[PDB]
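Asker: The structure follows.
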Amino acid sequence: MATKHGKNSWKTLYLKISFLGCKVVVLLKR
């Protein structure tokens, strides 16, 4: 339910983005 063209519900997507962004730093090394 995050697909609203970055409208409100994105933050719910966003902290996921902040999380996996940090985890997809990992998979570069690992």
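Labeling convention for the structure tokens: chains A, B, ... as they appear, residues from 1 per chain, ligands from 1 in order of appearance.
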Report the residues of chain A whose backbone DSSP state falls under helix (DSSP H, G or I), written as a list in words.

Answerer: residues 10, 11, 12, 13, 14, 15, 16, 17, 18, 19, 20, 21, 22, 23, 26, 27, 28 and 29 of chain A

Asker: Write out, as a short mmCIF file (atom, residue, chain, number, x, y, z; two decimals), in the first residue's frame, the residues just selected, with N, CA and C atoms.

Answerer:
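selection17.cif written:
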```
data_model
loop_
_atom_site.label_atom_id
_atom_site.label_comp_id
_atom_site.auth_asym_id
_atom_site.auth_seq_id
_atom_site.Cartn_x
_atom_site.Cartn_y
_atom_site.Cartn_z
N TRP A 10 4.70 6.37 2.03
CA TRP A 10 6.07 6.07 1.68
C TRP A 10 6.95 5.94 2.90
N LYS A 11 6.66 6.66 3.97
CA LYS A 11 7.53 6.61 5.14
C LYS A 11 7.62 5.20 5.69
N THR A 12 6.52 4.50 5.57
CA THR A 12 6.43 3.09 5.90
C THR A 12 7.36 2.26 5.00
N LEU A 13 7.53 2.74 3.77
CA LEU A 13 8.46 2.17 2.80
C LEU A 13 9.88 2.67 3.07
N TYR A 14 9.94 3.86 3.62
CA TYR A 14 11.17 4.62 3.68
C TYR A 14 12.13 4.09 4.72
N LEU A 15 11.62 3.75 5.88
CA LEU A 15 12.48 3.28 6.94
C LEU A 15 12.91 1.86 6.62
N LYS A 16 12.21 1.27 5.66
CA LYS A 16 12.58 0.02 5.07
C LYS A 16 13.73 0.28 4.09
N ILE A 17 13.61 1.40 3.38
CA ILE A 17 14.63 1.86 2.46
C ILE A 17 15.92 2.19 3.19
N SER A 18 15.79 2.82 4.35
CA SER A 18 16.93 3.15 5.18
C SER A 18 17.58 1.87 5.71
N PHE A 19 16.75 0.87 5.97
CA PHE A 19 17.23 -0.38 6.53
C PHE A 19 17.95 -1.22 5.48
N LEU A 20 17.24 -1.56 4.41
CA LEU A 20 17.80 -2.40 3.37
C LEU A 20 18.89 -1.68 2.60
N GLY A 21 18.85 -0.36 2.59
CA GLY A 21 19.94 0.39 1.99
C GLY A 21 21.25 0.11 2.71
N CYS A 22 21.15 -0.01 4.03
CA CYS A 22 22.29 -0.34 4.86
C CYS A 22 22.63 -1.83 4.72
N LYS A 23 21.64 -2.65 4.43
CA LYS A 23 21.88 -4.08 4.29
C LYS A 23 22.40 -4.41 2.90
N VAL A 26 25.93 -4.32 2.75
CA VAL A 26 26.52 -5.51 3.32
C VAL A 26 26.81 -6.54 2.27
N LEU A 27 25.80 -6.81 1.47
CA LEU A 27 25.89 -7.83 0.44
C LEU A 27 26.99 -7.50 -0.58
N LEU A 28 27.42 -6.23 -0.61
CA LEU A 28 28.56 -5.83 -1.42
C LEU A 28 29.84 -6.44 -0.86
N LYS A 29 29.96 -6.41 0.46
CA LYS A 29 31.12 -6.96 1.13
C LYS A 29 30.97 -8.47 1.31
#
```
